[PDB]
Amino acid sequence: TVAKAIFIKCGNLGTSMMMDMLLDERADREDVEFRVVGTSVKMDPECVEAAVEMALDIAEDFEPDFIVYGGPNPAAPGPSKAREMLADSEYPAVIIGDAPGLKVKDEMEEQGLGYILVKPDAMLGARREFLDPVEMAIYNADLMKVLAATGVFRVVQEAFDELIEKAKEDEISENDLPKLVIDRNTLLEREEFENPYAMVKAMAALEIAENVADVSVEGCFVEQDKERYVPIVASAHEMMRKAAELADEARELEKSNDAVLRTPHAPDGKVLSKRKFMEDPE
């Protein structure tokens, strides 16, 4: 059985940018088939409604087992409209968001939606005087490295893979939808890192990434004097750059012990595992 899903991306988060690709990293899965629609970076009410309608139009013929909506702030107006449209729809749905999503966590459960809220997926320093396209991409490169090398992406991969198995068992109840809040302490329940200093450097990285959000928010929404806000948002980027260097450092530690966890998919969708570089994944 081939599981089917539609991903909807409005605005951009590290996680929502990579979510579908984490699930079929070499395109050889024969057990999944995805459609991705979005309105690029725009996430106001009209755009989000238009994106969700695309999904729903496509769903009629595609018949997806579930739908995923990914982007910043589930509590904002645009994403709120999406939650509402998807809740009222026939399809099980999952919301991917960031720390601000916590404000509507209870609401989402009441709505019958799953969620994955990624606290370290921090808003960037979105002031015109600082953030051009190249800076926006550099920040995203640092963030992606943080979310990957600390193991956060593995947590997201797992959550969807478990859900895809349920989709293949043919009934997805609300009880099956993920309800995850991911942060620095998430790593304490996992066996991601063989070396405990690699773990605590990855924790520091997630801590700093999460702390980036408050700096950005202060610079974008609170401080009004550009003489103050430009430096403030630029300092949030210098942070994320260092979180990435910490995440890098953790990974090299795992390399030094020939212990880098890799969990690739087999063509039948099964998730394999290995540590040693020369060891076949199984």
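Numbering starts at 1 and runs along the sequence shown.
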Original post:
Comparing 49-57 with 24-32, which stretch shows the greater average C-alpha B-factor in the deposited entry?
Top reply: 49-57
Subject >> Between 200-208 and 185-193 (mean CA B-factor, as deposited), the higher >> reply: 185-193
Subject >> Among 179, 154, 128, 119 - the residue whose C-alpha B-factor is largest in the record >> reply: 179
Original post:
Of the options 95, 143, 85, 149, which has the highest CA B factor as deposited?
Top reply: 85
Subject >> Ranked C-alpha temperature factor of residue 39 among modelled chain residues, by third >> reply: middle
Subject >> CA B-factor placement of residue 231, once the chain's modelled residues are sorted into thirds >> reply: lowest
Subject >> Position of residue 8 among the chain's modelled residues by C-alpha B-factor, lowest, middle or highest third >> reply: lowest
Subject >> residue 139 - which third its CA temperature factor falls in, relative to the rest of the chain >> reply: lowest
Original post:
Lowest, middle or highest third: where is residue 101 by Cα B-factor in its chain?
Top reply: highest
